[PDB]
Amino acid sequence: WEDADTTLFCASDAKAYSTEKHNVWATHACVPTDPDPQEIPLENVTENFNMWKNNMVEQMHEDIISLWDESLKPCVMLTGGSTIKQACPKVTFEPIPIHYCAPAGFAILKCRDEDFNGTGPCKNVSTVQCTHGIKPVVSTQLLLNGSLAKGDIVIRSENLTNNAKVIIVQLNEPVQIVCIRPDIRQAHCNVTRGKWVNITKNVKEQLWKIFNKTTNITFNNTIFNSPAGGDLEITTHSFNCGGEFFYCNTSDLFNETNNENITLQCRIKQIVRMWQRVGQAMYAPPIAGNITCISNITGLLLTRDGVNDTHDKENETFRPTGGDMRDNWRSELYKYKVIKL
């Protein structure tokens, strides 16, 4: 069995009667999930996986694009020199777990090695016909509704010395975030101060451990800070909830100066800058009522500041980032890879 990238197909637990858009797309593009999913282990054998050059990430990317294309239709869309006007009805939008499976003659290799940084050899290796249930959550800064690491916090980067390589963080304890909108564009999220400082404490120390172990970059203390620039989609924690686009200020989350919870002032926008293509999409005004989303902060997207020449200092600054939704997919597709029989 040799490595290959074939033509995967999707499978989900979507319902035929559901009006929600993820269920509607998955009903016509996918199949019913495996009632008894087999996972045959492969003992006395090891093999290497690479999450950063995985074609499974690219397939999930363009599927979520076509999902967003036919689901969240904007009123006016500006792409290139063309203006695309279309109907923009208010829809119900909530992601569901999606499984990716290998066609006839192929299989998927799953690595069950605990504390796996994304690359290198794997002792625990099993074969599955499908992945696990992955919610295609499109978020920024904070990875929501993802999977948790069984051991400590795991730090993933294709090259930790490259400051352009975004660092994908995967938490071990979920940080519950409660966003709500009772100005019909003013919302706010609430997050417990105790659990966020505790998780931040464990993430800072894990960043220090992985840089002291695998990198020649040495620093005494780890420090966070708000992003230095960019569009509002990445300078804030941007996500989708009930069809509306939320832009939440995370300055309080990444403020070093540290009572119950932490309140993040949000803002719903009608004009967003799309992630699936280059252009802006104008959506309809928000719907009335109490719009509430309770999600799990399961991961972080961070970039490291450029080092000073001939300097190191006791402090290294990390900042939340986002934009490329491929990193959101490989935060779950890291353990899987396609094999050919």
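Just count from 1 along the sequence shown to find any residue number.
Trainee: Could you tell me how many residues of the deposited sequence sit unmodelled between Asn258 and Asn259 (none, 1 to 3, 4 to 9, 10 or more)?
Mentor: In the deposited sequence, 4 to 9 residues between these two have no coordinates.
Trainee: Neighbours in the displayed sequence, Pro182 and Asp183 may still hide a gap; how many deposited residues lack coordinates there, none, 1 to 3, 4 to 9, or 10 or more?
Mentor: In the record, 4 to 9 residues between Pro182 and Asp183 lack coordinates.
Trainee: Return whichever of 230-238 and 249-257 has the greater mean Cα B factor according to the PDB record.
Mentor: In the deposited entry, the stretch with the higher C-alpha B-factor mean is 249-257.
Trainee: Output the stretch having the higher mean C-alpha B factor in the entry; the candidates are 40-48 and 286-294.
Mentor: Per the PDB entry, the higher value belongs to 40-48.
Trainee: So among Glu244, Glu94, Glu114, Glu158, who wins on Cα B-factor in the entry?
Mentor: Checking the PDB record, the top C-alpha B-factor among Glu244, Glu94, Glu114, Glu158 is at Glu114.
Trainee: From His132, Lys195, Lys73, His188, pick the one with the largest CA B-factor in the entry?
Mentor: That would be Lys195, according to the entry.
Trainee: Could you look up the Cα B-factor of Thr27 in the entry and say which third of the chain it sits in: lowest, middle or highest?
Mentor: For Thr27, the deposited C-alpha B-factor lands in the highest third.
Trainee: Can you tell me whether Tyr100 has a C-alpha B-factor in the lowest, middle or highest third compared with the other modelled residues of the same chain?
Mentor: CA B-factor rank for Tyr100: lowest third.
Trainee: Hey, what third does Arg273 fall into on Cα B-factor, ranked over its chain?
Mentor: Within its chain, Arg273 is a lowest-third residue by C-alpha B-factor, going by the deposited values.
Trainee: Split the chain's modelled residues into thirds by Cα B-factor; is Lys21 in the lowest, middle or highest one?
Mentor: Middle third of the chain for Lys21's C-alpha B-factor.
Trainee: Among the chain's modelled residues, which third holds the C-alpha B-factor of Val57?
Mentor: Its C-alpha B-factor, which the entry lists for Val57, ranks in the lowest third among residues of this chain.
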